[PDB]
Amino acid sequence: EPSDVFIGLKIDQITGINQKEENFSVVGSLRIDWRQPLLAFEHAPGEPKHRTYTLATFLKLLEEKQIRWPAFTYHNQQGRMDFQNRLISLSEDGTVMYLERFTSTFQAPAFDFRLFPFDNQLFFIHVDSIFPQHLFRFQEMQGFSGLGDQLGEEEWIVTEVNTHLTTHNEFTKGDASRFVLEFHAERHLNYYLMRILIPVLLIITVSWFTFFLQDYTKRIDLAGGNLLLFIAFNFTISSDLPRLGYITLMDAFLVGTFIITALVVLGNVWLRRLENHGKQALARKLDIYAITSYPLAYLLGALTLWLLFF
Amino acid sequence: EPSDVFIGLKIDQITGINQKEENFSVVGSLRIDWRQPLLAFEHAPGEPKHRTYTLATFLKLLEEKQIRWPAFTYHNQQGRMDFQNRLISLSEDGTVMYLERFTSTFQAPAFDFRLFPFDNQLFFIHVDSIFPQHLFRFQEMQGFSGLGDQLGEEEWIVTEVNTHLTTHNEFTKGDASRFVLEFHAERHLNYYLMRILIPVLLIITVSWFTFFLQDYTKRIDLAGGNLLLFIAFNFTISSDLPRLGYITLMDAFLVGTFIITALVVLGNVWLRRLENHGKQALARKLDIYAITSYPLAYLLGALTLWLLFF
Amino acid sequence: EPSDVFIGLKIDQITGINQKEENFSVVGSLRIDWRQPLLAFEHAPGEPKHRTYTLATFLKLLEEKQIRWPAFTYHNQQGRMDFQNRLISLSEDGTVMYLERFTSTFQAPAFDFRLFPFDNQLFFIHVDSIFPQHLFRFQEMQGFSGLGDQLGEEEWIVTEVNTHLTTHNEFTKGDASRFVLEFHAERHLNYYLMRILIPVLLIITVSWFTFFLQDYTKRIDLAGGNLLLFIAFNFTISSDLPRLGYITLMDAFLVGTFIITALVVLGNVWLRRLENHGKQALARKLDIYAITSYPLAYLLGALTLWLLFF
Amino acid sequence: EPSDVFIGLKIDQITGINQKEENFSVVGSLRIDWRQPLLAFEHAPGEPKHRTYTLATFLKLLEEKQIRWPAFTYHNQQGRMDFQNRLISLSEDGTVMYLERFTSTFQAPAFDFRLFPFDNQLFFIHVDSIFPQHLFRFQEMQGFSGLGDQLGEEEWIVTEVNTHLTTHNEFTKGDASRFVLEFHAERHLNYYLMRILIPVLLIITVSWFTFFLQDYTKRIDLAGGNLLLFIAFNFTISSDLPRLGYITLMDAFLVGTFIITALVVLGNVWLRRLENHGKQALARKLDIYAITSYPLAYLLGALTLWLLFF
Amino acid sequence: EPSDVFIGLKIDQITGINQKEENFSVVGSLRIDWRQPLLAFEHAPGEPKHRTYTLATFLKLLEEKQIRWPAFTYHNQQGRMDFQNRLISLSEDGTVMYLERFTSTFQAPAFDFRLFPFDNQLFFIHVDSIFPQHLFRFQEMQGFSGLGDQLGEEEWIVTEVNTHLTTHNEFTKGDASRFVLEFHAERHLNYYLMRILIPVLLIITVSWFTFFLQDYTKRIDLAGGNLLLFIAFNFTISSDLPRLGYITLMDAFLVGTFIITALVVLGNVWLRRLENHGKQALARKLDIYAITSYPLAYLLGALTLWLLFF
Ligand SMILES: CCCCCCCCCO[C@@H]1O[C@H](CO)[C@@H](O)[C@H](O)[C@H]1O
Ligand SMILES: CCCCCCCCCO[C@@H]1O[C@H](CO)[C@@H](O)[C@H](O)[C@H]1O
Ligand SMILES: CCCCCCCCCO[C@@H]1O[C@H](CO)[C@@H](O)[C@H](O)[C@H]1O
Ligand SMILES: CCCCCCCCCO[C@@H]1O[C@H](CO)[C@@H](O)[C@H](O)[C@H]1O
Ligand SMILES: CCCCCCCCCO[C@@H]1O[C@H](CO)[C@@H](O)[C@H](O)[C@H]1O
């Protein structure tokens, strides 16, 4: 018959979310409660009712007693898991109480950047039993699992936390137990507002002010340099994300600014060609369309993306 | 009844404060004095009264004698704690004297950048007992805890150090002992003065000198390029800090320079529009307002932030 | 006679492909099935039919029993192999079932950048037996080897996976067993399209718009600065790749833009030299060739590379 | 009575000096000679007169024999000390010969950047006895301590090496032994000459050549851009050093170039204001002062810093 | 008498050459054959003639039998040596066969950048015996030592590999054995050709095209900005190398472009001063010298360095 293994996972800290590598790092405590009647013991008066063991000697005790422990893996773990504590408390009954304090990076494969920077992401930790459900069954250790209240993350804000149990078939034919700690997080837009939206909007607004100088050459030089600035912002954005196979809301926003700036160069080349061919009066009359086109083009663009993505 | 565990923590070095990741790194010595009568021993004349042990064999001795050690965790630790020394001296009485020399990063979750770079921050190390207060009670080891006199930090300056004891309920239902080493540090502003204030002030002051050329086009070109430089400083500042969800004193300062520069472009476009419409005499008379507005706008802005933040 | 060693390798995650260092990193599970009759055991009723061991004690058991284990090496491994699990299950029969869960970087020496960014690459993991084929023979553990379906890689897309067995002669005179897990991957061009092709095409197209202004000096200034932008893109590309001893498709593409831009400066210098020598009418007539040359030169260049590389 | 512990430290390599973090890294060999009569042994003919032990088993032998070893700490060490060799050779007499080969970073708290880049710095390694002087006394192991002849450091040049013994009171009430290996190193100025002095001098000299064009507007544009270049060099310099609370010779040098460039903008604004107000003859006569002021200002500045710092 | 220790070292991979830190990283296999008659053993018929050991238990066996192993050090090693395999096979005779598979960085102190990028460098691995030549003598294990055929290095090309034996006196009075694996490597110039020579040559050639416009002011502006580009290339080059105390061929090349560009500014200032003083005809006649000087100056410079360095 199978023995119930009580799994509990609590994230104390978010040491960082690295969206370029699609992983996240936490400081966490894993807690297990497992009753093995074979490990039960008798004690003399004065002698303790609870035996405390370093994992090393407790595993060495299990091998001796020919007992199989609920060997588990953090399925989505990455690199080195640095351990703080690996302590066992064994009661007279045979109840094993295990605590595992660690720092570790975990794969974040649920990353969907299509709406970046207005995106919401799913982050999880998968705890799998190496042995199948006929031997060990994972149960939810109540009153422990979740996320702490001093996570240390400033950009991300955790919207909800969940725990559930499911099956996996990684090393076995038959179903094997899997404990899941899941959390959803959305982004604080302040960085994007201050470093990307406000600057891009300023460059566009103060560039439009110069249309009132009525110097077509000067607009051409301005739109040309503006195009270079947007290409530079395009590199600034791309450095935050992985080399995705798909278009971002931000990517569509930058391609939009490229198109409008390209047309600004084209139109003002045409108005200055009119001036060069002794048609200054005509270019000046058409200039009202060029001056009111600019704000309408960027405002039409903003409504196009907002529709295309929402 | 509970046994008194004497905790002492001394920070020898500050290997660095990383404000982008909100953590700090220290070289420290942890000192514990714990009397366990069960560990007492007899000795013959001439034979030593003090037994020296490597943690490995001392823990192996505790497991043998069925003794529970005051298992502790550095609650706010991050990653790998690289150890230099883990040495035990056991007296005939049963007094365990433990020394733990390490290099380690700790979470700095008390980071408040709202007044950056004129900010004061709290840094701490939390030492928690895994076992509750009915088993072990942490006491303050006197004459040891604090911060050394060659910390190696150049930007930060420690204002005060404190040690105290409190309860925690991390793994238990009932209260458990927690030792706290806290320190407050303020920043040396010289870097910000030399690399950010002086340059930004120079760009503004030498740009104002060119107002005396009375060339409105030249002011427009200068304010436009100045706006680009401020956007670049905006990125230089943002790279020092995390992607905060809130506004910095520095952020307000940069947004301010954007607004004033935006208006400088707008005003000088208007003066040059006057010159283009055969109203050069009028633009020249108004120019006194444009020339005296510039210094007043930046000086009014500086007094607005200084009021809004203090 | 030689004993069959059943090798199985499964890649769960691609933590990254680093093309500058020509290596890749995976999270993988190694599975071995090996029957050693010498390890067989008798059991009493109630006592388990399968003994579970930590690698440490199982190797200690092999040394005791004077048994030689199929010692292996990951031939193309690099640096530290961080291990998650190293577990042995020994059946009454003497069937050793070994599981090795790890994170590791592996050399990618098959890297051919000649067609970058339209390149397809071979990535493999080599598992070698230290002892020759007279002692141990590697066999393919069926229904396990391959690559998972949540690899976490965004730029690369795996086209096919293969497993095969071959000989090696690394430490021995005679042939020794080698297990091979191979995979082919092609690149998602979206990053190159969005950050390199679209910008380079825009700079070229909007620069051509200005030819309609008929200002030869302005074209010279524009082509000069365009040349600097392409040199900057040249550095942006070179930072992604190693310092190769051969020419890339991308390198040929950039050298092409340098040549065309060089000639644009040369031609427009000539047209402006005509204007300076009172031959404005002649320069204006020739200008049709200069205006239609530009698009044809870049379109002729694109067909030249596309032929020279395909 | 106290036993003499012979300490010897030899630095084979300087893996790097990181002045931003104020630390340095070495590959070194620690050598200890300690006679413990209790460890003495008898040997049979043919049996060795010197017993060789891995530190692990030698410490295990000391615990058994109830002997206290001279437990030491590298006081100024930082992070992980990677070990190559930890070997003990025990003679029939009881003379312990210990060798410790390691790679490690050490705190450099003696860093004085006030004269950078013409600075000389003190680097040391502190080896402390955990037990006081009544138990163990450190002595200087003769003919071993120092620095090798293939250190691998290219920027720094070691001027002298010293060894001495002093007391410390880190974990004890009474004085405890401390071994010191100290070295002084000065900087090779070639990098600063080639990448900072020559460029800054060229920008200044070739900018002065343009004064002979007698175009005041052109000088204003040149000095404005020069000011931006110096702000960029200011960032290039600041990236090499920590965020110091004090002024560098280099910082004074850059602030100087800012002031002179600021005045160049101011003066040439004035000369062009004269030209604009029909006083070109006056501006042209005063221009001799503006042309000879420039070289004298930078040469007067250089003599001011050279006095203020030496 | 001394026992022959057969050393063999094979480099499988070059994980990288870091010329800024003057070190290199390899994946290598160390092989030792050492006959110790004391380790010989008896076996019954059917029982194995070869005993296979994990280094841990084999060293524990040597300590037990009171045998001294040929303790060695990788003299030029740096940081952590990550081990893949540490396996011993002991024959009935007492022949120890040891295999050490590792990833490690080694100091490269033979680095001579004086002719960079046309430089050839020496790279080596030093394997030293801790015990002197009276105890152990290193011999060359034949048919193993060298470098593999899938090194994975793209920039460097290995010209030759050598193995030899020499003495060292690191920890002893008398000579001690040292095994040497040496290799020479030259650089693939393609990176330098594509990213540094072609761009610098283009900037120079297309800048010369504009001399045919006969606008002295425009040449001054072009040479001024060219000087800034060369200062930027000067930083791009310096970032690849350590902060050397000597001049590079590349450094001489950049200082040369600074001088020629400085003179271009000077000459064209003079020609424009002639035009300003109503001597346009004279400046136009002298212009032939200025136009033909430019190509001759750079071609004379290139022949000067090529002579000064070869
Ligand atoms: C930059 C946006 C500011 C808009 C107001 C117009 C004033 C001029 C701004 O400077 C100019 O900006 C161009 C575009 O970035 C560059 O091509 C050019 O070299 C630079 O002189
Ligand atoms: C910029 C701070 C220095 C002010 C002194 C005035 C002289 C000219 C300095 O160069 C200016 O640089 C800006 C930024 O690139 C350009 O927008 C602008 O057109 C250009 O004239
Ligand atoms: C950037 C190409 C955009 C084409 C639109 C034409 C308007 C001018 C764009 O600014 C150009 O930017 C270069 C940056 O290097 C300068 O060298 C060049 O003198 C300047 O005129
Ligand atoms: C620039 C140092 C070399 C001086 C030699 C005189 C020729 C002109 C150099 O081009 C300068 O480039 C700056 C870029 O920042 C601009 O701001 C400035 O207006 C422009 O004149
Ligand atoms: C860049 C080399 C190309 C040579 C052909 C001349 C076309 C103009 C290229 O733009 C130039 O950029 C320089 C660097 O910023 C400025 O100094 C210069 O005054 C400006 O005109």
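Each chain gets a letter, A, B and so on, in the order its sequence line appears, and its residues count up from 1. Read the numbers this way: they start at 1 and go in the same order the structure lists the ligands and their atoms.
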- Task: Show the protein residues that qualify under the rule heavy atom under 4.0 Å from an atom of ligand 3, listing them in chain and number order.
- Result: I220(A), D221(A), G224(A), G225(A), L228(A), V206(C), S207(C), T210(C), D221(C), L222(C), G225(C), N226(C)

- Atom CD1 of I196(C) and atom CZ of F253(C): how far apart are they, to the nearest 0.5 Å? 8.0 Å

- Item | Residue pair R195(B) / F233(B): nearest heavy atoms and the distance that separates them | O-CE2, 3.8 Å

- Message: Determine whether the aromatic ring centres of residues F230(E) and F258(E) are separated by less than 6.0 angstrom.
- Response: no

- Query: Does some side-chain heavy atom of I203(C) sit less than 4.5 Å from a side-chain heavy atom of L228(A)?
  - Reply: yes

- Query: Is the backbone of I204(E) close enough, under 3.5 Å, to the side chain of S207(E) for a donor and an acceptor to pair up by distance?
  - Reply: no

Under 3.5 Å, sequence neighbours excluded: what are the donor-acceptor pairs made by side chains of residues 260-268 of chain A?
from, atom 1, to, atom 2, distance (Å)
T261(A), OG1, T257(A), O, 2.7
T261(A), OG1, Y298(A), OH, 3.2
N268(A), OD1, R219(A), NH1, 2.9
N268(A), ND2, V264(A), O, 2.9

